[PDB]
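A.B. asks: Here's a structure for you.
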Amino acid sequence: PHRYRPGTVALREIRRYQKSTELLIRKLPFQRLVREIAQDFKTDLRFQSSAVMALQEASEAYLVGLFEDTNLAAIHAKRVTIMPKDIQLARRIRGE
Amino acid sequence: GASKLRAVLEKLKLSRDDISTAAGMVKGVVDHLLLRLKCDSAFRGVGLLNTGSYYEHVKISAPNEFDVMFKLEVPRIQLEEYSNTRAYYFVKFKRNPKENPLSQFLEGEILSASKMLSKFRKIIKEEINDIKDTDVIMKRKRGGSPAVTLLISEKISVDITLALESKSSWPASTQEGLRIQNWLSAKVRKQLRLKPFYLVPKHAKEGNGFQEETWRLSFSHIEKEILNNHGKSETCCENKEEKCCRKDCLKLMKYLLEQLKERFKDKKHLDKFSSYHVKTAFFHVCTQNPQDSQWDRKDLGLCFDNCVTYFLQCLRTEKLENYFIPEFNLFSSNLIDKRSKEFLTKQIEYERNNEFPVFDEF
Amino acid sequence: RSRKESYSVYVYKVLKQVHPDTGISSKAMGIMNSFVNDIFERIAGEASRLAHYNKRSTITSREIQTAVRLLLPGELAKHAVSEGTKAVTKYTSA
Amino acid sequence: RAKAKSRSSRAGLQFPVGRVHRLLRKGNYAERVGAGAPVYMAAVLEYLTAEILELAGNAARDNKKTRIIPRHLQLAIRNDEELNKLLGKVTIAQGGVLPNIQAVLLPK
Amino acid sequence: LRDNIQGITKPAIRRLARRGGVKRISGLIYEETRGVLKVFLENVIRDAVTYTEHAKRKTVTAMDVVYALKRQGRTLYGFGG
Amino acid sequence: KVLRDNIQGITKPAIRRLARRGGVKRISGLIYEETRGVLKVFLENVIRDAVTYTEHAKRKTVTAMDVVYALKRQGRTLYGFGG
Ligand SMILES: [Zn+2]
């Protein structure tokens with residue numbers, strides 16, 4: 001019954017995801033999210049597949065940058081676990 | 001003609017089975033030295049080039065003579081050729097925002113070979129005096145290719161070369177070098193050129209003088225890779241089915257020169273010749289004879305004779321192109337005088353006409 | 001057919017001077033094209049302002065130079081200035 | 001007519017000069033473009049292009065490659081402090097991020 | 001085509017967090033993250049729609065997305081530009 | 001004549017007053033130095049751009065507009081001193 005301890009795997013995933021470039025969010029789901037938002041402005045709207053990808057990459061890039069700052073806030077707070085408030089602080093400082 | 005040569009080759013290898021302890025003493029000294037260099041702000045990033053080894057024997061007949069290289073990374077460099085020498089350059093640094101710790105060796109824009117070598121041996125000197133179990137004495141420096149020569153007890157000498165490492169694409173002057181395309185293949189050539197090249201502190205030796213802060217291009221790591229990957233099959237010689245005599249011929253060529261240099265070390269005719277000249281000629285002969293069947297082990301006798309002939313031709317015509325830097329003539333009259341070449345030519349021809357007696361006499 | 005412009009050909013050439021033995025993916029090229037158009041617009045945009053601010057109808061090598069100093073940071077800005085200053089000096093001398 | 005010659009070659013540049021001269025008059029940025037304006041600019045664009053490609057090329061070599069991919073551009077830009085800033089707001093398609101892991105997250 | 005914010009799977013969220021260097025994630029993050037992602041998308045998509053509409057089109061192109069992102073201090077390279 | 005150490009011209013009460021306006025109740029002794037090292041960077045960036053604009057215009061005296069452009073370039077606009 002071999003196991004790897006808590007944090008060993010978490011660090012591993014961090015390593016890998018920092019390294020790789022691929023999209024982490026599933027595509028059909030993301031695409032639909034875009035549309036649901038879009039339909040609130042306008043029905044019968046269309047997207048190029050490249051437009052959806054462009055949105056997805058920007059969206060992930062945004063969240064990752066947000067998570068980096070969130071992580072720093074949690075560390076500042078002497079904590080490894082990030083909480084909703086750490087996100088909120090980072091955003092606020094950024095002017096949101 | 002191969003049988004006598006085989007006995008020599010076996011003899012030369014076997015003389016090194018005793019070395020493991022000598023290599024140990026060298027390692028002891030080197031590891032010790034690297035700690036100090038790592039403490040020094042200028043050499044903090046220093047390490048061995050031939051990773052995994054504390055020994056590399058340039059001379060086949062000198063098992064007690066060691067050669068090691070200490071490399072130092074230079075993250076971006078601009079080379080400026082010195083006076084059309086083709087192999088010697090001034091080293092300057094490119095834009096680098098952060099502090100570059102090698103700044104202390106700068107002289108104006110140029111990285112001073114003189115300062116680095118002077119300080120390199122100064123650091124090692126102070127540090128060897130902290131080697132307590134082994135007696136290590138430093139030699140006074142003369143040239144710049146070996147930065148430091150260490151004398152270990154009464155048997156072992158160690159030549160230490162300092163080299164800058166650059167991971168940029170090789171300079172255009174190397175574009176036509178590493179002429180292995182017809183020998184080891186164009187694809188090996190391409191693979192090797194994705195690797196770094198090195199620069200060793202070296203004054204621009206010339207007709208009647210020299211430049212103090214020049215650096216010379218070095219591909220010693222490639223030379224090692226080639227010697228151990230001398231076949232276009234690339235595993236040729238790691239299996240007896242594919243045993244060629246390239247490596248054997250080179251050892252014999254090195255041995256011939258070394259034996260003659262020892263023989264005539266007193267007449268000084270041969271002091272300026274080295275295994276590198278032999279090795280360069282050798283790579284060219286391999287280039288001239290790219291097929292393993294032109295090096296069948298059974299033909300060591302004739303293969304070696306043909307290798308010798310090419311080397312003799314190089315001596316006589318005063319031409320030996322650097323294998324990596326084709327415009328760099330190692331046998332130029334500016335580096336080696338004709339007398340030495342005629343003498344070596346004559347001595348080799350004598351040896352060859354008498355089945356190389358110098359191979360047995362000592 | 002309609003036709004599109006890019007710097008793909010010029011990017012290749014530059015790559016050869018820095019790395020004669022390497023190539024570039026179509027994406028990296030697309031990125032370099034996005035890059036060039038971005039920098040161009042900024043410099044031209046700032047140069048536009050300088051011409052306006054200083055009451056001119058013309059952009060000269062100076063407006064380009066100043067725009068470079070304002071947009072680029074530290075030393076990177078400098079090499080761009082050195083090369084530009086030279087290129088003009090040279091162009092009229094070549 | 002005298003023989004026509006390309007200006008990029010003339011200025012010692014690879015980047016087009018006549019075109020930049022032109023592009024500088026578009027978007028309505030200035031009524032007029034001076035003769036030295038595009039020459040100065042073409043040199044700048046080429047310089048910056050070289051810096052990115054060189055650093056990216058080094059990244060390609062670090063990864064034992066014979067070419068630049070979007071990732072190498074990202075690594076190059078970010079590792080170089082001044083380019084990191086020039087393009088500090090730029091999102092690179094498939095750039096990924098630098099492998100920066102906070103020390104406090106690591107065990108002994 | 002409803003609450004497609006739930007199409008953003010939990011692992012998908014965690015992986016982004018990991019890429020950002022996040023080692024541990026509170027159980028309340030998933031929802032909070034969504035409340036932020038959604039706003040981001042809303043701002044970008046809407047501008048893209050605005051540009052699309054201005055141009056009298058129905059299909060949003062990569063360029064319309066690029067303009068939308070651009071102006072928020074976010075040039076995106078790779079889709080043209 | 002050359003000037004120097006006017007970073008100290010930003011006195012302790014001055015830093016505290018700024019901090020207080022910002023809602024800061026209690027200030028660690030090391031803040032003073034830390035704050036100055038940040039103020040300084042801000043000033044360096046704005047002044048430099050103002051100078052750069054001034055030099056472009058081939059003037060010696062820096063005007064309000066040169067400062068305004070400098071601040072706008074850094075993205076912090078200022079009203080009432082020109083525009
Ligand atoms: Zn072989």
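Counting starts with 1 at the first residue shown.
From the backbone N, Cα and C atoms, a Cβ is placed for every residue, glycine too.
Straight from Swiss-Prot, here's the annotation block:
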type    : residues : note
MOD_RES : A:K19    : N6-acetyllysine
MOD_RES : A:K19    : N6-methyllysine
MOD_RES : A:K19    : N6-crotonyllysine
MOD_RES : A:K27    : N6-(2-hydroxyisobutyryl)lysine
MOD_RES : A:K42    : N6-succinyllysine
MOD_RES : A:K42    : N6-acetyllysine
MOD_RES : A:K42    : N6,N6,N6-trimethyllysine
MOD_RES : A:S49    : phosphoserine
MOD_RES : A:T70    : phosphothreonine
MOD_RES : A:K78    : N6-acetyllysine
MOD_RES : A:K85    : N6-glutaryllysine
MOD_RES : A:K85    : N6-(2-hydroxyisobutyryl)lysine
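Tell me about the setting of these features in this model.
C.D. replies: A:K19 (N6-acetyllysine): 13 other CB atoms within 10 A of its CB, across all protein chains.
Classification of A:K19 (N6-acetyllysine) by DSSP places it within a helix.
DSSP classifies A:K27 (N6-(2-hydroxyisobutyryl)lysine) as helix under the three-state reduction.
According to DSSP, A:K42 (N6-succinyllysine) sits in a coil region rather than a helix or strand.
Sequence-distant neighbours of A:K42 (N6-succinyllysine) (same chain, 6+ residues apart, CB-CB distance under 8 A): none.
According to DSSP, A:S49 (phosphoserine) sits within a helical segment.
DSSP gives A:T70 (phosphothreonine) a helix state.
In this structure, A:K78 (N6-acetyllysine) belongs to neither helix nor strand by DSSP; it is coil.
For the recorded site, A:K85 (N6-glutaryllysine), the DSSP three-state label reads helix.
Cβ neighbours within 10 Å of A:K85 (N6-glutaryllysine), excluding its own Cβ and spanning all shown chains: 15.
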A.B. asks: Select from A:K19, A:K42, A:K78, A:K85 the modified residues whose C-beta atom falls under 8 Å of at least one C-beta in chain D, and return them in sequence order or as 'none'.
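C.D. replies: Qualifying residues, whose Cβ lies under 8 Å from chain D: A:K19.
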A.B. asks: What's the CA to CA span in angstrom from A:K85 (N6-glutaryllysine) over to A:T70 (phosphothreonine)?
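C.D. replies: Their Cα atoms are separated by 9 Å.
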A.B. asks: Using other CB atoms within 10 angstroms as the count, which residue among the modified residues A:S49, A:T70 scores least?
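C.D. replies: Among the modified residues A:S49, A:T70, the lowest count of other Cβ atoms within 10 Å belongs to A:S49.
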A.B. asks: Between A:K27 (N6-(2-hydroxyisobutyryl)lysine) and A:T70 (phosphothreonine), find the distance joining the two CA atoms and give it rounded to the nearest Å.
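C.D. replies: That separation, Cα to Cα, works out to 25 Å.
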A.B. asks: Nearest of the modified residues to A:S49 (phosphoserine) by CA-CA distance, picking from A:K19, A:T70, A:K78?
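C.D. replies: Of all the candidates listed, A:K19 is nearest in space.
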A.B. asks: By the criterion CB under 8 A from chain E, which of the modified residues A:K27, A:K42, A:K78 would you report?
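C.D. replies: From A:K27, A:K42, A:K78, the ones near chain E are A:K42.
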A.B. asks: Across all chains shown, how many C-beta atoms besides its own are within 10 angstroms of the C-beta of A:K27 (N6-(2-hydroxyisobutyryl)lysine)?
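C.D. replies: Cβ-Cβ neighbours of A:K27 (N6-(2-hydroxyisobutyryl)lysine) within 10 Å number 13.
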